[PDB]
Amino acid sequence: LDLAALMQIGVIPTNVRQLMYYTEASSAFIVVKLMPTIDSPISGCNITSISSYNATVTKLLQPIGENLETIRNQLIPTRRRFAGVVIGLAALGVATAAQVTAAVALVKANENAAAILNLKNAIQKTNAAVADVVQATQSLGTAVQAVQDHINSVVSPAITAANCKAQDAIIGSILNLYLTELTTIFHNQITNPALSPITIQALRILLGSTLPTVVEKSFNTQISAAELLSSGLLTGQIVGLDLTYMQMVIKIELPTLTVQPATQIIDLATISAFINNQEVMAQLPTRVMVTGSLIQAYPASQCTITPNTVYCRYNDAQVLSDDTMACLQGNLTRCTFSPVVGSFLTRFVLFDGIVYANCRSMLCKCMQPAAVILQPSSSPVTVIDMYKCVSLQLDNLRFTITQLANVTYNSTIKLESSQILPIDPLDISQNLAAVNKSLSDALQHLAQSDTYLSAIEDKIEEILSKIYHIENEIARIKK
């Protein structure tokens, strides 16, 4: 990966990050009370809010239920503890690898799950936003209720036949709002929805304001709850669910990471360059992975990026074409360019105190000393340090330079207009039909250059006939 040489067609390494992989996945358990608890006593009042919200979050979770059920019915992990073997995966119908992985993790968590739903009665009757779940002075985990705090702060100490409508109103408000938010993250599309991942998004919905407390509680680490809540390291799998109690057990995994050595992930941005009288930019991957002499396109989409680090749980590398590699590795005659409509924002960056600009599409005016800086055609973009200028101006934006670049250049860079391609499907599809046309010109041309041959070969046959007759009439002369 030759960066030095790549900066001479505007290709700027914005930041260099270290790649991360997971050694083991630290875990914790979570019970979600879907129904809030009442401490107030109810008399001569049928609170209609609840017999409905019950029915509906029950309907909403009926798939995840029947699936947790069908699977647990046909898991059967032989011995498990220690290392066992899962039996009868055909129960999943068709499944992907990530789905099968989760199918087995469901089976392991089975125990800790049942251990938790064992105590559903306690958990239900307990009134808290965030309670501990205890058995034998050990914690099986945390149980949460996203609205309880809010319920507590609003019901009458006593529900009477006077309070009825007014209570069943504002309970309904709170209930039906949380029910609307559950109706996003719980649409059922697929065949084994129990196995579906719970995003850090779906989690913020389920736990509500309880989330920060649970993150501080469920995991202990050098990681701050700040960066832990903010990134997307956290993930969950539904591992247990009782409908009648509306309690839903969720395994939550925080992966322990470590550097993968001799690998870097480098983001590439491109300023505009001036080459063969067009304003273009390099056509390269915006971020690649580099291990030794290997290079691939590394878009970290779902992945967790930080100033010095990328954690990809997954791996979505794309392969790089032969020119593209060549391009990245020094041979600039294989870099591919494309016309762009430059702009101030896209026509220069700033690198450790030095200016890499396209000083031709854009005006580079030096202040000390003041001389409009012209960019030669043998230079696609322009480097600017202390020597070329101690005080730059650019439009309204002005600054000084203390920085000096290590020479390390030695001109020049020759690139043919054939390195300037369409990158657009339509543009390309057009350039293709053109070549096809040209090729049909060369086909009709051949068929025509083959009628000439048939001619010429036939004129040679006449010359042979003439020659057989002369040479024979010479034999006729025997004297």
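Just count from 1 along the sequence shown to find any residue number.
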Practice prompt. Look over 26-34 and 407-415 in the entry and identify the one with the greater average Cα temperature factor.
Written response: 407-415
Item to complete: Please work out which of 430-438 and 449-457 has the higher mean CA B-factor as recorded in the PDB entry.
Response: 449-457
Worksheet item: Per the PDB entry, which option out of 183, 301, 210, 99 has the greatest Cα B factor?
Response: 301
Fill in: Largest Cα B-factor, entry values, listed residues 235, 321, 283, 224
224
Worksheet item: Going by what the PDB entry lists, where does residue 204 fall on CA B-factor within its chain: lowest, middle or highest third?
Response: lowest
Worksheet item: For residue 395, does the deposited CA B-factor place it in the lowest, middle or highest third of the chain?
Response: highest
Response to the item:
On the chain's distribution of Cα B-factors, residue 351 falls within the third called highest
Worksheet item: In terms of the CA temperature factor given in the entry, to which third of its chain does residue 194 belong: lowest, middle or highest?
Response: lowest
Practice prompt. Taking the values exactly as deposited, rank residue 380 by C-alpha B-factor within its chain and report the matching third: lowest, middle or highest.
Written response: highest
